[PDB]
Structures are given as C-alpha cells and as structure tokens.
Amino acid sequence: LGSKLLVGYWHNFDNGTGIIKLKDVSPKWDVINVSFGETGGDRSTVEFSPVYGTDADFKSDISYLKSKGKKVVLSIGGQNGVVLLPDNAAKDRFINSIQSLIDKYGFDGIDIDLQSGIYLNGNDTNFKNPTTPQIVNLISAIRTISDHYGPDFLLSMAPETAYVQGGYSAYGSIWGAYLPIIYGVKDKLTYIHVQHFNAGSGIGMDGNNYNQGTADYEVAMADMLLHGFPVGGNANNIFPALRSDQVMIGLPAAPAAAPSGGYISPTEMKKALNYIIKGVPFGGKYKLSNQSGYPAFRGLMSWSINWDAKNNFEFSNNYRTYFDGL
Ligand SMILES: CC(=O)N[C@@H]1[C@@H](O)[C@H](O[C@@H]2O[C@H](CO)[C@@H](O)[C@H](O)[C@H]2NC(C)=O)[C@@H](CO)O[C@H]1O
C-alpha cells in the first residue's frame, strides 16, 4: 500500500450522479470504498448486493482491480446505515455477516462509516477502557474481523469530527465517541479519514474556532490526530498521536458532494498539504504542532468517486498529480 493515497468512496446506488462500473473507475484511486453495507430489521446483520452485475460479475470486477494493485474495501454504515450491537448476540451476527461478505466478494478490508447509534453513555469516561456496549462491541467485532484475515487486510474509518476532534471539547454522548474505537483498534488500523465536511466549525489545539473548507481548518483538524490532544478540557487525559501514516483527511470531491459545506479548492488544499507534510506554511492563523511537518501523512479520502467524475475529475487529477509530484 502506497505512502500517499487517494481513497475514494464508490456509490453502490444512483443518487443522481450515476453508476460507475468498477473497471471504469479512474486508476488514480488507490482504494475504493464500496458504499454501503447496511442492515435490515435486526440492525446487526450486514447485507450487501451489488448495484450492477451478477454476484460473480461483481466479484470478478473486484478481482480485476486487485490484480492492478488497487484495494477494494466494504464500507459499513453511511448516511442511512444503522448498526446496533447492544449485546454479544448482536455482535456475533455483525461479525459473521461481514466475514461472509468479505469471503463472498473478496473485499480487501472494511471501512467503519457509522454515523448514528454511537454514544458514550454516562460514566463512560475513559477512552482506553470504554464501557458503553455499542463501543465495546464494535471494538471487539473490528478486532475479530481483522484477525480473520491475512497481513494485507485493510481497516479504515470515517467518523465525523464531533466523534474525534470534538473530544477536545467534551467527552460524552457523541463528543469524542470514536476515540475509544480508534484507540481500541489502533494496532489494526490502516488509516482514519475523518470527514472534514458537513461539519461547520472546529476548535483547534490553539483554542481557536476554524471554519470548515479552509486551509487553516484542515491543518488544525489533522494536527489533533498527528500530535495527540488533551481530552474534554482535562490536561491529564491525553489522546496519543497516531502514526502519521495512519492519518488522512476526508474531503468532498465537489461543492455539491457535501451540501452543508466543506468543499475546499485544490489550490487552497495544497497549501494545507504542503504545511502538514513539509512544514511549509502559507500565512495561515493556525500554527502546526511540528513546524517541520509530518512527512508520512497518508493522503486524502473523498466523498466520492462518483462526484469526482461529475466534476471534471478535479479531485483525482489535482491530488494524484500533487502526491505523485512531491
Ligand atoms: C464518507 C461518507 O460515507 N459520508 C456520508 C455519505 O453517506 C453522504 O453521502 C450521502 O450518502 C447517502 C447514502 O448513505 C446518499 O443517499 C446521498 O445521496 C449522499 N449524499 C450526497 C450529496 O452524495 C455524505 C454527503 O456529503 O456525507 C456523509 O453523510
């Protein structure tokens, strides 16, 4: 797996941007996050059927991409997905259903993209030792699934900012709720790409409020994971830095890909990237924690491959060229 990646979400559905068959996806994407595995009534058995092709056709298309060095990952959740693991029985249905899908289609890994049903209960105060069943069981399930496959099994996640960087402000309910998940699976985590969009403002480690879709915001939010940060206003409760090679930034491919804002122009984003990766500043207000950069910063994720194709391939062309050209 390359050192500077483009990870793109792939719509297993037509939302007006159309379907792109797998072999027609631009080769500039290194990893394709197939979107999404969702659930029915029991909210724990994950299901997936391809939007085009026989099952065998879809599996063959995945095999073709893998033969070209690409990774194809099953994303679980999304805007509409609901996964609830209140007890061990539910956890086991989740594990078995996902393993079955990985086996059936030959997915290279899984992406945790759960955007509901995740809360730190009252008294759940320690990110190293979570107590809320949903969180404890997700961690257990993720570790179990990862340990069911070989060394190249890919694990990613795409939490919204409140769940991660929001932990700088509060630790409870959704605030910081992915922190125990991240920590609990860190030794199996390939990378995390927080969604830096549909996100309003975010507080940086300088205590300043930043607006989504600005270079300063991208640097401030990424730096939290690159450097680590105190949780919930408690100086003695530090969330440790991830490896730089585990940190990505998730961005909208086009303005319309994130209807509540967050899109950033490649010109502005390259300022943020040069600062993050090389410590080369751009006159921004945010001061990077390590002023000579985090060279192993892993790259960019986008919602989505489909949106990118409808927007002159702006995201894929701009950022592939940027990363290739370093
Ligand atoms: C990274 C990620 O998965 N983001 C979430 C997406 O699911 C969401 O896109 C929306 O997904 C729905 C299915 O879950 C689609 O029905 C819907 O059309 C789609 N919205 C758009 C504008 O493409 C994106 C939207 O920015 O953010 C998260 O909510």
Side-chain angles (χ1 to χ4, degrees), residues 115 120 127 157-183 186 189 191-252 258 260-303 319:
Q115 301 175 15
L120 288 153
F127 69 79
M157 52 184 36
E160 297 171 62
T161 60
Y163 291 126
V164 179
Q165 292 88 349
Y168 184 80
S169 284
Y171 194 80
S173 181
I174 69 173
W175 296 89
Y178 264 73
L179 297 180
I181 304 179
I182 295 161
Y183 184 89
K186 63 186 169 303
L189 182 66
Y191 47 76
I192 173 171
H193 34 61
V194 171
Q195 303 186 42
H196 288 212
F197 54 90
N198 303 314
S201 300
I203 302 184
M205 293 181 292
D206 57 354
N208 289 131
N209 300 146
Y210 291 99
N211 302 284
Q212 70 177 333
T214 66
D216 270 333
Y217 174 95
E218 319 298 358
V219 182
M221 292 303 99
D223 202 17
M224 324 228 36
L225 291 172
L226 291 161
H227 178 267
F229 61 96
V231 172
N234 182 351
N236 293 147
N237 187 18
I238 300 160
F239 187 82
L242 300 181
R243 293 195 303 271
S244 297
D245 70 23
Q246 290 174 302
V247 181
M248 292 187 77
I249 293 172
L251 296 174
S260 304
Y263 169 87
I264 180 169
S265 71
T267 292
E268 287 301 303
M269 188 61 205
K270 290 163 198 181
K271 292 177 182 178
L273 290 167
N274 286 146
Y275 196 24
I276 292 163
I277 299 169
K278 309 171 203 183
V280 173
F282 54 88
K285 172 259 234 321
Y286 184 75
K287 306 180 75 202
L288 192 58
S289 61
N290 190 141
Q291 286 277 24
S292 57
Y294 289 96
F297 172 82
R298 197 58 176 278
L300 298 177
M301 169 278 267
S302 188
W303 186 261
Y319 300 120

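In this chain, numbering begins with 1 at the start of the sequence shown.
Scanning both residues, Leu120 and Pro180, for their nearest heavy atoms gives CD2-CG, 4.2 Å. The two residues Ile249 and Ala222 have their closest heavy-atom pair at CD1-CB, 3.8 Å. In terms of heavy atoms, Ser201 sits closest to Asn211 at OG-OD1, 3.8 Å. Minimum heavy-atom separation, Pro159 to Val164: CG-CG2, 3.5 Å. Between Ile203 and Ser169, the shortest heavy-atom contact is CD1-OG, 3.5 Å. Minimum interatomic distance between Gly207 and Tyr168 (heavy atoms only, all atoms of both residues): N-OH, 4.2 Å.
Panel note: side chain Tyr275, backbone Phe282; no donor-acceptor pair is recorded below 3.5 Å. A donor-acceptor pair is defined here as one N or O able to donate and one able to accept, closer than 3.5 Å; no such pair exists between the side chain of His196 and the backbone of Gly213. In this structure, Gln195 contributes its side chain and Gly250 its backbone to no donor-acceptor pair below 3.5 Å. Within the 3.5 Å criterion, the main-chain N or O of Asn198 finds no donor-acceptor partner in the side chain of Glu160.
Scored by the side-chain hydrogen bond (donor to acceptor under 3.5 Å, both in side chains) test, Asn274 finds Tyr322 as partners (sequence neighbours excluded). Remark: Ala272 pairs with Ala215, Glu218, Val219, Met269 by the side-chain contact (heavy atoms from CB on, under 4.5 Å) rule, at least two apart or across chains. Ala170 pairs by the side-chain contact (heavy atoms from CB on, under 4.5 Å) definition with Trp175, not counting sequence neighbours. Legend: residues meeting side-chain hydrogen bond (donor to acceptor under 3.5 Å, both in side chains) with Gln246, ordered by chain and number and at least two apart, are absent. For the side-chain hydrogen bond (donor to acceptor under 3.5 Å, both in side chains) test, no residue two or more places apart in sequence or in another chain qualifies with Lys287. Legend: residues meeting ring pair (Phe, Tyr, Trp, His ring centres under 6.0 Å) with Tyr178, ordered by chain and number and at least two apart, are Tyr163. Under the rule for a side-chain contact (heavy atoms from CB on, under 4.5 Å), the partners of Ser265 that lie at least two apart in sequence or sit in another chain are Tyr263, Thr267, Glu268. Under the side-chain hydrogen bond (donor to acceptor under 3.5 Å, both in side chains) criterion, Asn209 pairs with no residue at all, not counting sequence neighbours. Residues meeting the ring pair (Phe, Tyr, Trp, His ring centres under 6.0 Å) test with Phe197, sequence neighbours left out: none. Residues forming a side-chain contact (heavy atoms from CB on, under 4.5 Å) with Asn234 (at least two apart in sequence, or on another chain): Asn236, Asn237. Residues passing the salt bridge (charged side-chain N to carboxylate O under 4.0 Å, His left out) test with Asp216: none are found, sequence neighbours excluded.
For the atom pair NE2 (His227) and CG (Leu242), the distance works out to 13.0 Å, reported to the nearest 0.5 Å. The distance from atom CE of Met205 to atom CG of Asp223, rounded to the nearest 0.5 Å, is 3.5 Å. In this structure, CG on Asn208 lies 3.5 Å from NZ on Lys285, to the nearest 0.5 angstrom.
Using a 30° and 60° split on the angle between ring planes, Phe229 and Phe239 fall in the tilted class, from 30° to 60°.
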Name the atoms and distances for all side-chain donor-acceptor pairs under 3.5 Å in residues 295-303, with sequence neighbours left out.
residue	atom	partner	partner atom	Å
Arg298	NE	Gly2	O	2.9
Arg298	NH1	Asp245	O	2.9
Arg298	NH2	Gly2	O	3.1
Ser302	OG	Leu251	O	3.0
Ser302	OG	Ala253	N	3.2

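With contacts defined as side-chain heavy-atom distances shorter than 4.5 Å, the pair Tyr294/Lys278 does not qualify.
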